[PDB]
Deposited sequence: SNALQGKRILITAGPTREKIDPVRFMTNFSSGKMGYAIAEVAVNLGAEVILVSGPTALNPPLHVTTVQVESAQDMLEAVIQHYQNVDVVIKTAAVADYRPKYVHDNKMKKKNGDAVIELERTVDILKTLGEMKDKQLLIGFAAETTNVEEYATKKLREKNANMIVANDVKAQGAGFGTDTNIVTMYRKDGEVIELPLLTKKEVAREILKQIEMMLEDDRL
């Protein structure tokens, strides 16, 4: 109940929304259920939780400080605003984002990588990322773990989750609900905070 007492944890969740024209947009889909589930469990563990969310149909848990955004750019600005004052950042979006160049046949431009940015300006914070691949899961998750300067990468297929920690340890899980996975993740984070 007090496992993460006083720990500031920032979580990103949901999809990003990129405009094409005033009445059209594209969506890099991400459910948001996982992020919102982690946020709820984190609160119950006594953590100070900040949730940066894209457009979802979900309602944030009580006591969760939530910022609703749409674009990947706004999500970036929101995370940077809090990054100095947090202990843990959990990026719950395995999808790399793309964005149209104009706001009026559709030219796409590269968006700024959130996890890469946080890794470059990282001080003492812990970076947790996600990954969802159908091939070379271990190789990709490990590559992302080292490239983005992260502490743990959560790999996906109710969920079947394998976690890859920075120290080299690998933890596979059976079929669990999102809330169960959330607990296992926050358990791992709790330990990394003690290692420091």
* **Deposited positions lacking CA coordinates** => 105-115, 169-179, 219-220
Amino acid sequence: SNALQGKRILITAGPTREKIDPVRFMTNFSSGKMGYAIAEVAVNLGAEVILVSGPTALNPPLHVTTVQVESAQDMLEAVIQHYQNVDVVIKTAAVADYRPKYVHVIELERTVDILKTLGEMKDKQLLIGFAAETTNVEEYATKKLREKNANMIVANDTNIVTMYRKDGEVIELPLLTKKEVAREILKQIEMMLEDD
From here on, numbers count along this sequence of modelled residues.
* Asked: If you average the Cα B factors in the entry, which is higher, 10-18 or 170-178?
  -> 170-178
* To do: Using only the Cα atoms and their B-factors as the entry lists them, report which of 125-133 and 54-62 averages higher.
  => 125-133
* To do: Between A94, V112, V86, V79, let me know which has the highest C-alpha B-factor in the entry?
  => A94
* To do: Kindly indicate the residue among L118, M75, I90, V103 with the greatest C-alpha B-factor in the PDB record.
  => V103
* Structure fact -> The third of the chain into which the C-alpha temperature factor of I153 falls is the middle
* Asked: Hey, what third does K33 fall into on Cα B-factor, ranked over its chain?
  -> lowest
* Asked: Going by what the PDB entry lists, where does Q68 fall on CA B-factor within its chain: lowest, middle or highest third?
  -> lowest
* Structure fact -> So, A141's CA B-factor, relative to its chain, sits in which third? The highest
* **Modelled-residue ranking by C-alpha temperature factor, third containing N159** => highest
